[PDB]
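Below: one protein chain in two forms, given as structure tokens, structure 1 then structure 2.
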Structure 1
């Protein structure tokens, strides 16, 4: 998955998330077209087995011909009272996309962190199934403590939790950030 954000000069915006699902998707690449095929069929539920995330059969998400599998993506545009775009944000990486999106919005809109800190700030993730809270390797360990004393058994991600690209309006203009976890940078004028 990849997310990107855009604000054009007229103040129109695009939040866009896109994916082939797993790293290198299905691992099928055409030797003729060079097209790498998605394994998006994996995002469906099966009537038989429980998924790798421990989610038991969920008939709302069973495979049907022509049907779109449930996705974790959530490309988002925050719009002001005035009709001015306030924020453009979304995330990418495994199943941590919705929690990461939430976090960046919380970080900026509520904690008041600037757009590059919203994106760089340590993250954490729980999706109920699996039944574990994963924290990033550099989370504030007071967060870790405060959760375990409330009976969360936490684990530490061995890599990182999601990749967030964001653009926030300030009175200074459009403040933009790309996630160092994946190594992008914004551009603009």
Structure 2
């Protein structure tokens, strides 16, 4: 998955999230065209496949011909009451997309972190099933302690949690950030 955020000089914006699903998709590359084909069928539930201990397959998300599988993607644009874009945000990272997008928004909108900090700040994730909270390796360990004393069991992410690209309007113009977790950088004028 990849997320891109764009604001043009006229104030119009695009938040776009695109995916072939797993790394390298289906692992089927055309030798002629070079196209690397998605494995988006894996995002459906299947009655015969248990994905997680104790978790039933979801019937709302079974395969039918012509159906689209449920996605965690959530490319978002926040607009102020005056009609000007405030934030363009989204994320990559499977089921961590939605929580990471929420966090980037919380971090900027409510905690008052600038856009680069909102992107770089450590994240955490819980999706109910499975029943664990995943935290990034550099999270404030007072947060880990606060979670554990409230009976959450935590685990540290082996790599990182999601990839966020964001733009926020400031007094100075359009502030942009790409996530160091994946290595991007923005550009503009």
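Under this definition, the rigid core comprises the largest set of C-alpha atoms superposing within 1.5 Å between the forms. Only residues modelled in both forms are compared. Numbering follows the first chain given and starts at 1.
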Legend entry - Out of 132, 157, 55, 147, the residue that alone shifts its CA by 2 Å or more between structures 1 and 2 when the rigid core is the reference: 55
Legend entry - Following rigid core superposition, Cα shift of residue 95 between structures 1 and 2 in Å: 1.7
Inset, instruction - With the core fitted, just quote the Cα shift at residue 183 between structures 1 and 2, in angstrom to one decimal. - result: 0.3
Legend entry - Large-shift segments between structures 1 and 2, meaning 3+ residue runs whose Cα move 2 Å or more when the rigid core is superposed: 48-55
